[PDB]
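Single-structure report; data block below.
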Amino acid sequence: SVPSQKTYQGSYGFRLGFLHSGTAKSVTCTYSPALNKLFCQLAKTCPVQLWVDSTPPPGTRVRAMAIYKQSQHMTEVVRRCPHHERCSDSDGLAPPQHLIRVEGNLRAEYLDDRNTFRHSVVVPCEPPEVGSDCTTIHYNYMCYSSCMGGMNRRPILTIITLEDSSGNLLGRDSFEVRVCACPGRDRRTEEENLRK
Ligand SMILES: CCN(CC)c1nc2c(C(=O)O)c(O)c(I)c(-n3cccc3)c2s1
Ligand SMILES: [Zn+2]
């Protein structure tokens, strides 16, 4: 079993957005449109914007889940490595095995799927504040892409789904993620590799 990664705007015109953070050595999170890939440091804030063309119903939620990008690994659950799942860095809500956390939202819920064993984190879909045109969720990634016994250098995607109150699909978007010590340098390197 493998979750779908097909982009689907749905009835509400759902899609993600990312800030323009640049590639300076000091950057902690930076998004490459050319690669559709987020580069971020371990456990640092990753702002992900949610955009819609029309307001979804009360009770709509937004779920995040990681899968391996390579087909030969897609059936393996993405989880924290044997070190990080034991490192006592709980925020009081996220299970220590979960790679993806939501920062600063007490209504976040963490799911261990009873059938697929996959992890996800889901929040209620809140309207933009007055003066804003979108809503932002702040994610944290709690292992490096290189962590041995976990991701082990394998690339991952994050799939963001807009869901109704029953969990039915309303919209879907996705992006690759690399969790690394120097996201600005790695984004520059990979964009150069793509250009060459
Ligand atoms: C169901 C609650 N609700 C009505 C009050 C919402 N309205 C919006 C609006 C809007 O009315 O403009 C929006 O632009 C975005 I982006 C939203 N959002 C939040 C996470 C995903 C989408 C929500 S949630
Ligand atoms: Zn780790």
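Positions are given from 1 along the sequence. Atoms within a ligand are numbered from 1 in the order they appear, just like the ligands themselves.
Ligand 1 places these atoms under 4.0 Å from at least one heavy atom of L50: 16 (I), 20 (C), 21 (C). Counting atoms of ligand 1 from 1 in the listed order, those under 4.0 Å from a heavy atom of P128 are 8 (C), 9 (C), 10 (C), 12 (O), 13 (C), 14 (O), 15 (C). Listed by number with element, the atoms of ligand 1 under 4.0 Å from a non-hydrogen atom of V62 are 20 (C), 21 (C). Near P56, the atoms of ligand 1 lying under 4.0 angstrom from a non-hydrogen atom of the residue are 1 (C). Listed by number with element, the atoms of ligand 1 under 4.0 Å from a non-hydrogen atom of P57 are 1 (C).
Ionic pairing of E191 and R187 is present here: one or more N-O contacts between side-chain nitrogen and carboxylate oxygen are shorter than 4.0 angstrom. By the 4.0 Å N-to-carboxylate-O rule, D89 lies close enough to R80 to be salt-bridged with it.
Residue contacts with ligand 1 include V52, since one of its heavy atoms falls under 4.0 Å from the ligand.
A donor-acceptor pair is defined here as one N or O able to donate and one able to accept, closer than 3.5 Å; no such pair exists between the side chain of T75 and the backbone of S1.
Residue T55 places at least one N or O, backbone or side chain, under 3.5 Å from an N or O of ligand 1.
Only one option out of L157, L99, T158, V78 pairs with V177 in a side-chain contact (heavy atoms from CB on, under 4.5 Å); it is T158.
Side-chain contact, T45 with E103: a donor N or O sits under 3.5 Å from an acceptor N or O.
Between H119 and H98, the angle of the ring planes stays under 30°, which puts this pair in the parallel group of the 30/60° scheme.
The stretch residues 9-18 participates, sequence neighbours left out, in these side-chain hydrogen bond (donor to acceptor under 3.5 Å, both in side chains) pairs: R15-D53.
Note on the Zn ion (ligand 2): protein N/O/S atoms under 2.8 Å are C81 SG, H84 ND1, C143 SG, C147 SG.
Ring centroid separation for the pair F14 and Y8 does not come in under the 6.0 Å cut-off.
Once rounded to the nearest 0.5 Å, the distance linking CD of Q41 with CZ of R178 reads 12.0 Å.
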